[PDB]
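Trainee: Here's a structure for you.
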Amino acid sequence: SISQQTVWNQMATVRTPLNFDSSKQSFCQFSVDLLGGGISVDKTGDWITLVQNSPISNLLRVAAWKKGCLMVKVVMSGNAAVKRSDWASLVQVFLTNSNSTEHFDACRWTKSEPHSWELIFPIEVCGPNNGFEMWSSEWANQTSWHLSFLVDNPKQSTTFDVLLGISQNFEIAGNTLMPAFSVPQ
Amino acid sequence: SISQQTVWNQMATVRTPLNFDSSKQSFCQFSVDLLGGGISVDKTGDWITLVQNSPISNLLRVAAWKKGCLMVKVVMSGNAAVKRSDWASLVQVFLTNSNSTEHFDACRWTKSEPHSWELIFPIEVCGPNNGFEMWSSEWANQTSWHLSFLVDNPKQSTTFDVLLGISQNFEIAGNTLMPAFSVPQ
Amino acid sequence: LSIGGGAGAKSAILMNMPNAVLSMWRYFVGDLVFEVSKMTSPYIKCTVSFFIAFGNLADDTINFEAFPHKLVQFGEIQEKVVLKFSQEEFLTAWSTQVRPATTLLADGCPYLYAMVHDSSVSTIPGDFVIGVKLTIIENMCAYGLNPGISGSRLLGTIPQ
Amino acid sequence: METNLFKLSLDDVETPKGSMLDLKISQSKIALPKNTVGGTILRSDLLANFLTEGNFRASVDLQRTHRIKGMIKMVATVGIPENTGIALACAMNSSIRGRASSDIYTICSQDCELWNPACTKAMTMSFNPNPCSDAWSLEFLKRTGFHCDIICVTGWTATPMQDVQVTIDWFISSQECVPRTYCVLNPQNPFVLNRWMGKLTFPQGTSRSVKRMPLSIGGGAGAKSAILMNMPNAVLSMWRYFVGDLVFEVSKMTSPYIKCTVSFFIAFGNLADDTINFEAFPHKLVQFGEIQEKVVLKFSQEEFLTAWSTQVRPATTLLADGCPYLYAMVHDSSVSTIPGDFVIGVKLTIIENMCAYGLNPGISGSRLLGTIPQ
Amino acid sequence: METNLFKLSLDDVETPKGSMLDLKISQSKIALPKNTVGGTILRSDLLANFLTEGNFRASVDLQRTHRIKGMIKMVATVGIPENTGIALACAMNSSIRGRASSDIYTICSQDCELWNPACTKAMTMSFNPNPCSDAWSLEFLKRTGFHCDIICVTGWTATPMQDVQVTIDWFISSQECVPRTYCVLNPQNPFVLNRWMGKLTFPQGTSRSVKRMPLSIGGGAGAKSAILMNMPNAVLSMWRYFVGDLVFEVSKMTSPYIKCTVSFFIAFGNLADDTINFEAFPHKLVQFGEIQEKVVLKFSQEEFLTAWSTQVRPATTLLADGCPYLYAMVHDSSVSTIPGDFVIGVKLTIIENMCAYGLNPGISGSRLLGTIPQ
RNA sequence: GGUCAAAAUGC
RNA sequence: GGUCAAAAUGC
């Protein structure tokens, strides 16, 4: 085919509010629309989000019809000044196709590893065209893939990095006509 | 072919500055050019670096055209007088082809295991000649493979050892005419 | 001739799938088929010279036309000239992306030079304008996978 | 009455073909000052800088042509009488990364040839600069570092009356470029190594002036506080144990007037220099014809019983090597009627019908290899 | 190990062969300043100075090759819209002896072509500079005087917005050189004459603006106090009486927007300009297609009864010429929507199936021939 | 007569 | 194995 080993590419980098009042609760909440390219956040604070203008990130935002398997990676880089006997943080991860409460969860992981953790898993896009799917289109009351998170003691489990990779069998077709992507500095 | 089991060979051994003022920050930073043979370091201290004049280390420095898969290994031997309930150190690892900020990361690992950790991963060299690549040559604005690190509480996560191994399918051709390698003692 | 990320914008990158994907790869070759369109009034005349080189050359390089080159001329009512550069005009595959600052002295990637071999002449104010579109890469070879490089460079535009 | 430009032949992407004259890219003149001592870099630059040195028929063709699927041909020329001799070399390597070494170990792995002008009054080397494919470019040669080193390995025997100049004629050849790649873990055959195995110097007189060369050949060349290296060795050293047939190339670098009959064989290091009895070993006696400068020597794999170690620590006492050595001796004498020292250089060209059992973790540095004046 | 220089291919005496690209000798850029008036010498130099103007693939081949048995090929190029027009010409003659004339009579006998860029956006002329044999040299071109004159014969109709530049591409051709010699007393067939027979200008309106051209054609061109001359005329005038078929070439030099239908026939000078009745004569009506610029006209030998005189004194009153004339008339009108004057140039290319009865002692000077602005 | 143009394009 | 040399000259 066309292949290279261990070459994944960046999508997400979500950082947690610094201003967080351990009083109006313990958790912080956020979501990543893997097939849409959008980070949705809390009102808990002033969140620092960034989506990376990656070959793929770039591609999934523009390509209107998607069939195949993409590979995801979420990494927790945390607050390392916190002494390991003093860790109080879990982070509940969810995989859904809507941001609706009435929809049900596809997969559900819960990780509580001090200072850092890794999570590698497959997502597959199956749709009504010929097996092709379009981002949350009204056509077959179509959907996406969403990766939502729930952080407990967000002052500890501070940073989140989302990477994905592509499958030899990802096929697109069409152009979702999108505005200009913003490039830092 | 030509093969032997569990015979890898040394490349890197990076040690962290002893003189480190936990005041001008928490982290120390460093990089290893796997396909070039160079350790680039901080200004944080007086770093103790060594590259090993290994059959391979030796080979990759001299061989001007590289196609194939090499196997890497980074090992963290740390400060073991530090009591395990008292660990405050992570070390963020990155894999890039340039030492530029504008380039994007290929893979990204973050490990926070007390006193010692291991990390085994494949790197593959794909290039424009016939599928052959040359170290950071201007020809097809060519590149390398870089393994950069970020150490938090470098007084803890003290030592780093980099080993690689070769793939039955590593093919070189040409001689990068290099100065004399320095041999200790 | 590096063509990944797409179009440059002030503070942003512009994108279309056929580029999105290209940029998924790292290095590329093939035959590049370009489509030159006249967009000015059949009364504005020019003979345009196209070839393939590198960026290190000065604009006063007498000697280019001693390069494979193809001279284009438009017939009054003719508006499309299809141009084909063969894969034999390139030795080694080139990089799909090159940082946006990379100085015309550091590109190791092939460029597509267009020149006036004569003159622009008319009897009415006007500027000769021809648009170039890379229609298909034929007999492609893509060695690689691009982690990415932030943004891209600019592409010409302007009035009328 | 009009001409179509489109159907004009201004877009030809083809490799220059022609007569040796028509396909002439440059003319380099190199200077051989009569006070030259050996190990002297006569001129070290970039090939592209060597080729861009005159406006000769295919010169612009070299510059304004993107793919050249033919070979760079050198033709060198300097005549020196028979009572003296210099030993020059043209080493073409694929890149230079810094202030690099210009020994002969370090510069002879890819494509280089040694020649004594007293014997060979006109050399011709041909090479393929992209050892990975079939075409090259000048911009390639330019932005990749192709290097050409012209060095003196064993200085003048007799100092000429005035200075000398070697003129190298450069051309594009009529013959196609063929790759030469190396799989490091699955060598080919015959494996190309090209290793300076030593500069053997035999003083004038009746001294067996016995020269022993380690057959362990990984790490490469020794340096004061360092190791010198060339890929064909880099890789060898990737393995652990080796055998095969070792094909050596003995070159005369002194003046056809300095005579000696040299005796070559294969043994071990435990033997004393006064071993009457060696020549009762398979041995081959070499003698050079006046204008003869190259003797190719082939030792068969049947001269070795078991594979040997690719590396042996540098201190390993000539009493502890369990690895075969390549002994050179004077079977008669060194004789001349002019001051001089008999000097012959040995290069291991190819290991044929190789067997590599193993994988070498490595052993720090390596030992020294002969060199010296003139 | 040695190379024989003798059996090397460094002594090839052959004419460069190749692709139109490979056989490119130069690139001249000529300047057409928008205030150009006609009769303007755009550039008059030496061919060898025209060809030595860039380093292009066979450029050194032009210089370091003694015998070239192929042809100099020019490819010119400048585009001008359809509402204007210039009339340029490239005249290649074989030598210049002094401060010479650059008319069009004087510079079009050997090998020259006129072209209106509005109609012909790319011209290609090919010539053989040694009209006496099959090969040329640059040193020939150099030390003999081969000349190239680039002139404007009928200036801009509409003045362009800024300056213009004509780029001439020079090359060596794939086709052999063939001589063209002249026996003066035993002409060939078809005899090549190439004579500027006049620059006929027809003002805008309904004027029969009748132009009569003498068919007596020896001495050549008139000048104030002098005679202008080109070999093909020199020789003609060597004879006394002549006939044959006269082949004329009518070229438009004004902007495709200036319209006229021109009527050509053959008569005598005794007729008044108000002769209703001519078109009851064999006549041929010419009309130009927008981008059409050349009409070739052939009058057969059957349009003349008896041979005519090659020379007639310059004063001979339009009432005393017994020699046939070439009348041009406006059969309609000159019409345009832009100021301009219809201008067409006439050149007698070849006399075919000639008969020359005689030998001319000569008659002093000759008459005038049309010319003027733009 | 020479020159020139022409006997046409795409994978 | 590549290179190279060689399978030779004159009218």
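Every number here is computed from the coordinates shown, using simple stated rules; none is lab data. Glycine also receives a Cβ, built like all others from the backbone with ideal geometry; neighbour counts cover every protein chain displayed.
Trainee: Got a sec to turn the phi values of region D:236-243 into Karplus ³J(HN,Hα) couplings, 6.51 cos²θ - 1.76 cosθ + 1.60 with θ = phi - 60°, whole Hz, x for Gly and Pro?
Mentor: Computed from phi, the couplings for region D:236-243 are 2, 5, 6, 8, 10, 10, 8, 8 Hz.
Trainee: Going by the rotation axis that takes chain B to chain A, pick out the residue of B with the closest C-beta and quote the gap in whole Å.
Mentor: Of all Cβ atoms in chain B, the one nearest the axis gives B:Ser85, 3.
Trainee: With n ≥ 4 as the cut-off for DSSP H runs, can you work out [θ] at 222 nm for chain A, using -39500 (n - 2.57) per run divided by the number of residues, rounded to the nearest 500?
Mentor: Here the helix-only value at 222 nm equals -1000 deg cm²/dmol.
Trainee: Under the convention of a label 7 Å out along Cα→Cβ, give the distances in nm from A:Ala81 to the same position in every other copy, shortest first.
Mentor: 2.4
Trainee: Express in nm, to one decimal, how much length is gained between D:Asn270 and D:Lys298 on full extension, taking 0.36 nm for each residue of separation and deducting their alpha carbon distance. List each step's numbers first, then the result.
Mentor: Details: separation 28, 0.36 × 28 = 10.08 nm, distance 2.35 nm.
Contour length minus the Cα-Cα distance gives 7.7 nm.
Trainee: Still on this model: In terms of Cα to Cα distance under 18 Å, which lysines are near enough to A:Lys24, apart from those fewer than 8 places away along the same chain?
Mentor: Within the straight-line cut-off, A:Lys24 pairs with A:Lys43, A:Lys155.
Trainee: Summing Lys, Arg as +1 and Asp, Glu as -1, what charge do residues with Cβ under 14 Å from the Cβ of D:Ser216 carry, D:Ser216 excluded?
Mentor: +4
Trainee: If you don't mind, there's one more thing I want to ask. Pick from A:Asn19, A:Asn97, A:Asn53: which residue has the top mean-square fluctuation in a GNM of chain A where Cα pairs under 10 Å get a spring?
Mentor: Of A:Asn19, A:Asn97, A:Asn53, the Gaussian network model singles out A:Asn19 as fluctuating most.
Trainee: Less than 18 Å apart at the alpha-carbon level, and either on another chain or at least 8 residues along: which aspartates and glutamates does that give for E:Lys224?
Mentor: Within reach: E:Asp103.
Trainee: For region A:119-174, calculate the relative contact order in percent as a whole number, restricting contacts to Cα pairs under 8 Å that are 6 or more residues apart.
Mentor: Numbers: 22 pairs, mean separation 9.9, N = 56.
It rounds to 18 percent for region A:119-174.
Trainee: Across peptide E:80-88, what mean number of C-beta atoms from other chains lies inside 10 Å of a residue's C-beta?
Mentor: The per-residue average across the peptide is 3.
Trainee: Distance between Cα centroids, region A:139-172 to region B:110-169: provide it in whole Å.
Mentor: 26
Trainee: How much FRET efficiency would the formula 1/(1 + (r/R0)^6) give for C:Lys80 and C:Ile124, where r is the Cβ-Cβ distance and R0 is 22 Å, rounded to 0.05?
Mentor: Here the calculated transfer efficiency is 0.50.
Trainee: Given only helices, namely DSSP H runs of n ≥ 4 each adding -39500 (n - 2.57), what is the per-residue ellipticity at 222 nm of chain D, to the nearest 500 deg cm²/dmol?
Mentor: Numbers: 4 runs with 19 residues, N = 374.
The helix contribution divided over chain D gives -1000 deg cm²/dmol.
Trainee: Would you mind computing, in nm to one decimal, how far apart the modelled labels at E:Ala234 and C:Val132 are, each placed 7 Å from Cα along Cα→Cβ?
Mentor: 5.2
Trainee: Still on this structure, please answer the following. If you plug each phi of region E:97-106 into the Karplus form 6.51 cos²θ - 1.76 cosθ + 1.60 with θ = phi - 60°, what whole-Hz ³J(HN,Hα) values come out, in order, with x for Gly and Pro?
Mentor: With the stated coefficients, region E:97-106 comes to 10, x, 6, 9, 6, 9, 8, 8, 5, 5 Hz.
Trainee: Then there is this: Can you pick out the pairs among C:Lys38/E:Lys29; C:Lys10/E:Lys29; D:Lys121/D:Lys347; C:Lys10/C:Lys38; E:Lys73/E:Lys252 whose Cα atoms lie more than 31 Å from each other?
Mentor: Beyond 31 Å between Cα atoms: C:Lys10/E:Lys29.
Trainee: Same structure again: Can you list the residues, at least 5 places off or on another chain, whose amide H is less than 5 Å from the amide H of D:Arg43, using H built in the peptide plane?
Mentor: So D:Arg43 has HN proximity to D:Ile150.
Trainee: Mind jotting down the distance between the C-alpha centroids of region D:1-72 and region D:342-367, whole Å?
Mentor: Result: 36 Å between the Cα centres.
Trainee: What does the charge count near E:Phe299 come to, summing +1 for each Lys or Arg and -1 for each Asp or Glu among other residues with Cβ under 13 Å from its Cβ?
Mentor: Local charge sum for E:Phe299: -3.
Trainee: For label points placed 7 Å from Cα toward Cβ, what is the shortest-first list of nm distances from B:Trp117 to its copies?
Mentor: 1.5
Trainee: Okay, which of region D:109-127 sit inside 13 Å, backbone N to the point 7 Å along the Cα-Cβ direction of E:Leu10?
Mentor: Taking a point 7 Å out along Cα→Cβ of E:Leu10, the residues of region D:109-127 whose backbone N falls under 13 Å are D:122-124.
Trainee: Just need the relative contact order of chain E here, percent rounded to a whole number, with Cα pairs under 8 Å and 6+ apart.
Mentor: On the way: 910 pairs, mean separation 86.1, N = 374.
Computed over chain E, the figure is 23 percent.
Trainee: Moving to a separate point now. So what are the ³J(HN,Hα) numbers for region D:69-79, from phi and the Karplus equation (6.51, -1.76, 1.60; θ = phi - 60°), rounded to whole Hz, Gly and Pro as x?
Mentor: With the stated coefficients, region D:69-79 comes to 9, x, 10, 6, 10, 9, 9, 9, 7, 6, x Hz.
Trainee: C:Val116 label point, 7 Å along Cα→Cβ, cut-off 14 Å on backbone N: hits in region C:127-160?
Mentor: Flagged as within label range: C:127-130.
Trainee: While we're looking at this one, here's another question. Near E:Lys17, which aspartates and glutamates are there with a Cα under 17 Å away, not counting those fewer than 8 places off in the same chain?
Mentor: Candidates past the 8-residue exclusion: D:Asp11, D:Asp12, D:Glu14, D:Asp22, D:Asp61, E:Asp61, E:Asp134, E:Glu176.
Trainee: Still on this structure, please answer the following. How far apart, in nanometres, would the label points at A:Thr6 and D:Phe278 be if each is projected 7 angstrom from Cα along the Cα-to-Cβ direction?
Mentor: With each label point 7 Å from Cα toward Cβ, the separation is 5.0 nm.
Trainee: Moving on. Loop-only chymotrypsin sites (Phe, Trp or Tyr not before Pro) in region A:102-185, please: DSSP not H, G, I, E or B, and at most 12 other Cβ atoms within 10 Å.
Mentor: Of the chymotrypsin sites (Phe, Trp or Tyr not before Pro), the ones in loops of region A:102-185 whose Cβ has at most 12 other Cβ atoms within 10 Å are A:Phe104, A:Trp139.
Trainee: Using R₀ = 56 Å, calculate the FRET efficiency as 1/(1 + (r/R₀)^6) where r is the Cβ-Cβ separation of E:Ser207 and E:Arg180; round to 0.05.
Mentor: 0.85
Trainee: Report the residue, chosen from E:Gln162, E:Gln204, E:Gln110, that carries the largest GNM mean-square fluctuation when chain E is represented by alpha-carbon nodes joined by springs under 10 Å.
Mentor: Maximum fluctuation in the GNM of chain E, among the listed residues, is at E:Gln162.
Trainee: Per residue of B:91-98, how many C-beta atoms from partner chains lie within 10 Å of its own C-beta, taken as a mean?
Mentor: Partner Cβ neighbours, averaged per residue: 3.
Trainee: What number, in percent, do you get for the relative contact order of chain A if the mean sequence gap of Cα pairs under 8 Å and at least 6 apart is divided by its residue count?
Mentor: Reported relative contact order: 37 percent.
Trainee: Let me ask something else. Can you figure out the FRET efficiency of D:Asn55 with B:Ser40, using R₀ = 41 Å and their beta-carbon distance, to the nearest 0.05? Please list the in-between numbers first.
Mentor: Details: r = 44 Å, r/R0 = 1.08.
Computed FRET efficiency for D:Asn55 and B:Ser40: 0.40.
Trainee: According to a simple spin-label model (label point 7 Å from Cα along Cα-to-Cβ), what is the distance in nm between D:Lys224 and A:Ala173?
Mentor: Distance between label points: 7.3 nm.
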